[PDB]
$ cat protein_28.pdb   # PDB, C-alpha atoms
ATOM      1  CA  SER A 943     -52.612 -13.107   1.813  1.00  0.00           C
ATOM      2  CA  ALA A 944     -53.761 -11.886   5.276  1.00  0.00           C
ATOM      3  CA  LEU A 945     -50.069 -12.128   6.451  1.00  0.00           C
ATOM      4  CA  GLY A 946     -48.664 -10.156   3.459  1.00  0.00           C
ATOM      5  CA  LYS A 947     -46.381  -7.981   5.690  1.00  0.00           C
ATOM      6  CA  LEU A 948     -44.517 -10.997   7.172  1.00  0.00           C
ATOM      7  CA  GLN A 949     -44.400 -12.740   3.775  1.00  0.00           C
ATOM      8  CA  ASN A 950     -42.840  -9.504   2.364  1.00  0.00           C
ATOM      9  CA  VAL A 951     -39.899  -9.759   4.839  1.00  0.00           C
ATOM     10  CA  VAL A 952     -39.311 -13.379   3.687  1.00  0.00           C
ATOM     11  CA  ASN A 953     -39.617 -12.418  -0.016  1.00  0.00           C
ATOM     12  CA  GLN A 954     -37.338  -9.314   0.236  1.00  0.00           C
ATOM     13  CA  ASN A 955     -34.538 -11.227   2.049  1.00  0.00           C
ATOM     14  CA  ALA A 956     -34.656 -13.962  -0.648  1.00  0.00           C
ATOM     15  CA  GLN A 957     -34.790 -11.456  -3.575  1.00  0.00           C
ATOM     16  CA  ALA A 958     -31.782  -9.483  -2.228  1.00  0.00           C
ATOM     17  CA  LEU A 959     -29.604 -12.613  -1.752  1.00  0.00           C
ATOM     18  CA  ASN A 960     -30.587 -14.034  -5.188  1.00  0.00           C
ATOM     19  CA  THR A 961     -29.580 -10.689  -6.811  1.00  0.00           C
ATOM     20  CA  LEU A 962     -26.268 -10.632  -4.865  1.00  0.00           C
ATOM     21  CA  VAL A 963     -25.460 -14.203  -6.103  1.00  0.00           C
ATOM     22  CA  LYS A 964     -26.629 -13.535  -9.726  1.00  0.00           C
ATOM     23  CA  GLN A 965     -24.284 -10.493  -9.892  1.00  0.00           C
ATOM     24  CA  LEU A 966     -21.280 -12.911  -9.767  1.00  0.00           C
ATOM     25  CA  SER A 967     -22.147 -13.927 -13.400  1.00  0.00           C
ATOM     26  CA  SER A 968     -21.864 -10.337 -14.817  1.00  0.00           C
ATOM     27  CA  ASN A 969     -18.836  -9.127 -16.863  1.00  0.00           C
ATOM     28  CA  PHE A 970     -18.637  -5.437 -15.763  1.00  0.00           C
ATOM     29  CA  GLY A 971     -16.797  -4.987 -19.119  1.00  0.00           C
ATOM     30  CA  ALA A 972     -14.255  -7.791 -18.347  1.00  0.00           C
ATOM     31  CA  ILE A 973     -13.295 -10.477 -20.945  1.00  0.00           C
ATOM     32  CA  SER A 974     -15.130 -13.184 -18.884  1.00  0.00           C
ATOM     33  CA  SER A 975     -17.075 -13.360 -15.591  1.00  0.00           C
ATOM     34  CA  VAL A 976     -15.192 -16.626 -14.741  1.00  0.00           C
ATOM     35  CA  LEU A 977     -12.067 -15.625 -12.789  1.00  0.00           C
ATOM     36  CA  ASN A 978     -10.084 -18.769 -13.819  1.00  0.00           C
ATOM     37  CA  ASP A 979     -10.588 -17.913 -17.550  1.00  0.00           C
ATOM     38  CA  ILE A 980      -8.818 -14.558 -17.089  1.00  0.00           C
ATOM     39  CA  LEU A 981      -5.909 -16.134 -15.151  1.00  0.00           C
ATOM     40  CA  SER A 982      -5.425 -18.925 -17.790  1.00  0.00           C
ATOM     41  CA  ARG A 983      -6.048 -16.985 -21.079  1.00  0.00           C
ATOM     42  CA  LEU A 984      -3.855 -13.911 -20.317  1.00  0.00           C
ATOM     43  CA  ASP A 985      -0.357 -12.966 -19.069  1.00  0.00           C
ATOM     44  CA  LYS A 986      -0.202 -11.265 -15.588  1.00  0.00           C
ATOM     45  CA  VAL A 987       0.055  -7.662 -16.907  1.00  0.00           C
ATOM     46  CA  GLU A 988      -3.196  -8.103 -18.938  1.00  0.00           C
ATOM     47  CA  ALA A 989      -4.938 -10.380 -16.378  1.00  0.00           C
ATOM     48  CA  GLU A 990      -4.564  -7.817 -13.523  1.00  0.00           C
ATOM     49  CA  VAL A 991      -6.342  -5.145 -15.669  1.00  0.00           C
ATOM     50  CA  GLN A 992      -9.222  -7.556 -16.488  1.00  0.00           C
TER      51      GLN A 992
ATOM     52  CA  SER B 399      24.786  -4.728 -18.315  1.00  0.00           C
ATOM     53  CA  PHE B 400      24.576  -7.390 -21.060  1.00  0.00           C
ATOM     54  CA  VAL B 401      24.612  -8.092 -24.855  1.00  0.00           C
ATOM     55  CA  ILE B 402      21.675  -9.658 -26.780  1.00  0.00           C
ATOM     56  CA  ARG B 403      20.393  -9.879 -30.353  1.00  0.00           C
ATOM     57  CA  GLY B 404      18.298  -6.741 -31.152  1.00  0.00           C
ATOM     58  CA  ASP B 405      14.924  -8.596 -31.422  1.00  0.00           C
ATOM     59  CA  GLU B 406      15.070  -9.896 -27.785  1.00  0.00           C
ATOM     60  CA  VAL B 407      14.944  -6.330 -26.235  1.00  0.00           C
ATOM     61  CA  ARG B 408      11.069  -6.404 -26.183  1.00  0.00           C
ATOM     62  CA  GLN B 409      11.250  -8.891 -23.218  1.00  0.00           C
ATOM     63  CA  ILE B 410      13.160  -6.406 -20.919  1.00  0.00           C
ATOM     64  CA  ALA B 411       9.980  -5.180 -19.140  1.00  0.00           C
ATOM     65  CA  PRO B 412       8.029  -5.866 -15.866  1.00  0.00           C
ATOM     66  CA  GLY B 413       5.930  -9.094 -16.081  1.00  0.00           C
ATOM     67  CA  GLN B 414       7.209 -10.192 -19.580  1.00  0.00           C
ATOM     68  CA  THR B 415       7.598 -13.773 -20.957  1.00  0.00           C
ATOM     69  CA  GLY B 416       9.836 -15.448 -23.623  1.00  0.00           C
ATOM     70  CA  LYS B 417      13.364 -17.041 -23.853  1.00  0.00           C
ATOM     71  CA  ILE B 418      15.320 -14.188 -22.157  1.00  0.00           C
ATOM     72  CA  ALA B 419      12.619 -13.678 -19.476  1.00  0.00           C
ATOM     73  CA  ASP B 420      12.460 -17.472 -18.835  1.00  0.00           C
ATOM     74  CA  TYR B 421      16.166 -18.418 -18.980  1.00  0.00           C
ATOM     75  CA  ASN B 422      18.518 -15.368 -18.614  1.00  0.00           C
ATOM     76  CA  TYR B 423      17.128 -12.065 -17.161  1.00  0.00           C
ATOM     77  CA  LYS B 424      13.717 -10.949 -15.744  1.00  0.00           C
ATOM     78  CA  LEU B 425      12.315  -7.722 -14.205  1.00  0.00           C
ATOM     79  CA  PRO B 426       9.791  -7.804 -11.287  1.00  0.00           C
ATOM     80  CA  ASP B 427       6.118  -6.909 -12.004  1.00  0.00           C
ATOM     81  CA  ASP B 428       6.549  -3.544 -10.108  1.00  0.00           C
ATOM     82  CA  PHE B 429      10.029  -2.472 -11.432  1.00  0.00           C
ATOM     83  CA  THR B 430      11.205   1.155 -10.846  1.00  0.00           C
ATOM     84  CA  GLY B 431      13.962   2.079 -13.308  1.00  0.00           C
ATOM     85  CA  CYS B 432      15.025   2.626 -16.940  1.00  0.00           C
ATOM     86  CA  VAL B 433      15.843   0.233 -19.843  1.00  0.00           C
ATOM     87  CA  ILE B 434      18.404   1.570 -22.352  1.00  0.00           C
ATOM     88  CA  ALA B 435      19.574  -0.197 -25.566  1.00  0.00           C
ATOM     89  CA  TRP B 436      21.569   0.343 -28.806  1.00  0.00           C
ATOM     90  CA  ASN B 437      22.913  -1.533 -31.857  1.00  0.00           C
ATOM     91  CA  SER B 438      26.668  -2.249 -31.444  1.00  0.00           C
ATOM     92  CA  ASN B 439      28.003  -3.767 -34.717  1.00  0.00           C
ATOM     93  CA  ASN B 440      31.630  -2.979 -33.662  1.00  0.00           C
ATOM     94  CA  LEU B 441      31.143  -6.146 -31.471  1.00  0.00           C
ATOM     95  CA  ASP B 442      29.948  -8.359 -34.430  1.00  0.00           C
ATOM     96  CA  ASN B 448      31.429 -13.053 -33.507  1.00  0.00           C
TER      97      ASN B 448
END
$ encode --input "protein_28.pdb" --output "structure tokens"
Amino acid sequence: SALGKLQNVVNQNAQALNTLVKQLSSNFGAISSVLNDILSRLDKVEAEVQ
Amino acid sequence: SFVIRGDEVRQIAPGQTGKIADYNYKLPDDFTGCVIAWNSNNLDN
């Protein structure tokens, strides 16, 4: 805990990348977060909107 | 220009699917144009 400034740079880089990867799982109002669901469940005209 | 049964007309649109769209006539997903139709029982055969 003496080196808390350097350990903060390590922790902030890891936290930012984990959040950027976790945000792939979110819907953003779409029918699924899995891109292959949308392409297989729906016709092109509906899939492009989702 | 073509003749179909009246129920098939719903397939004459960009990005549609069904028997006409699969096997006779299809419009591209970005079509610019007009689709015009009418019942024509003088041709009824």
$ resolve_selection --input "protein_28.pdb" --expression "the ChimeraX specification (/B :<8) & /A" --output "list in words"
residues 985, 986 and 987 of chain A
$ atom_distance --input "protein_28.pdb" --atom1 "atom CA of residue A:991" --atom2 "atom CA of residue B:421"
26.3 Å
$ resolve_selection --input "protein_28.pdb" --expression "the PyMOL selection byres ((chain B and resi 430-441) around 10)" --output "JSON, numbers by chain"
{"B": [399, 400, 401, 402, 403, 404, 407, 410, 411, 412, 425, 426, 427, 428, 429, 442, 448]}
$ atom_distance --input "protein_28.pdb" --atom1 "atom CA of residue A:979" --atom2 "atom CA of residue A:964"
18.4 Å
$ atom_distance --input "protein_28.pdb" --atom1 "atom CA of residue A:977" --atom2 "atom CA of residue B:416"
24.4 Å
$ closest_residue --input "protein_28.pdb" --among "A:992, A:955, A:950, A:943" --to "residue A:975" --atoms "all atoms listed in the file"
A:992
$ closest_residue --input "protein_28.pdb" --among "A:954, A:990, A:949, A:944" --to "residue A:972" --atoms "only C-alpha atoms"
A:990
$ axis_aligned_box --input "protein_28.pdb" --around "stretch 405-417 of chain B" --padding-each-side "4 Å" --output "AutoDock Vina command-line options"
--center_x 10.5 --center_y -11.1 --center_z -23.6 --size_x 17.1 --size_y 19.9 --size_z 23.6
$ build_atoms --input "protein_28.pdb" --residues "stretch 419-432 of chain B" --atoms "N, CA and C atoms" --output "short mmCIF file (atom, residue, chain, number, x, y, z; two decimals), in the frame of the given file"
data_model
loop_
_atom_site.label_atom_id
_atom_site.label_comp_id
_atom_site.auth_asym_id
_atom_site.auth_seq_id
_atom_site.Cartn_x
_atom_site.Cartn_y
_atom_site.Cartn_z
N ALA B 419 13.37 -13.78 -20.73
CA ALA B 419 12.62 -13.68 -19.48
C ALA B 419 12.53 -15.02 -18.71
N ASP B 420 12.49 -16.14 -19.42
CA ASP B 420 12.46 -17.47 -18.84
C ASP B 420 13.83 -17.95 -18.36
N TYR B 421 14.91 -17.66 -19.10
CA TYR B 421 16.17 -18.42 -18.98
C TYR B 421 17.44 -17.58 -18.77
N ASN B 422 17.36 -16.24 -18.79
CA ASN B 422 18.52 -15.37 -18.61
C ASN B 422 18.32 -14.17 -17.67
N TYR B 423 17.30 -13.33 -17.89
CA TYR B 423 17.13 -12.06 -17.16
C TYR B 423 15.66 -11.65 -17.13
N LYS B 424 15.12 -11.36 -15.94
CA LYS B 424 13.72 -10.95 -15.74
C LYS B 424 13.60 -9.78 -14.77
N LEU B 425 12.67 -8.86 -15.06
CA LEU B 425 12.32 -7.72 -14.20
C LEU B 425 11.03 -8.01 -13.40
N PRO B 426 10.96 -7.58 -12.13
CA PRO B 426 9.79 -7.80 -11.29
C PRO B 426 8.58 -7.03 -11.81
N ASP B 427 7.37 -7.49 -11.50
CA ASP B 427 6.12 -6.91 -12.00
C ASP B 427 5.86 -5.45 -11.58
N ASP B 428 6.64 -4.91 -10.65
CA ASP B 428 6.55 -3.54 -10.11
C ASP B 428 7.89 -2.78 -10.19
N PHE B 429 8.72 -3.09 -11.19
CA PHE B 429 10.03 -2.47 -11.43
C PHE B 429 10.00 -0.93 -11.46
N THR B 430 10.94 -0.29 -10.76
CA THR B 430 11.20 1.16 -10.85
C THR B 430 12.61 1.38 -11.41
N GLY B 431 12.71 2.03 -12.56
CA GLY B 431 13.96 2.08 -13.31
C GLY B 431 13.80 2.41 -14.79
N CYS B 432 14.91 2.34 -15.51
CA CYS B 432 15.02 2.63 -16.94
C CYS B 432 15.72 1.49 -17.70
#
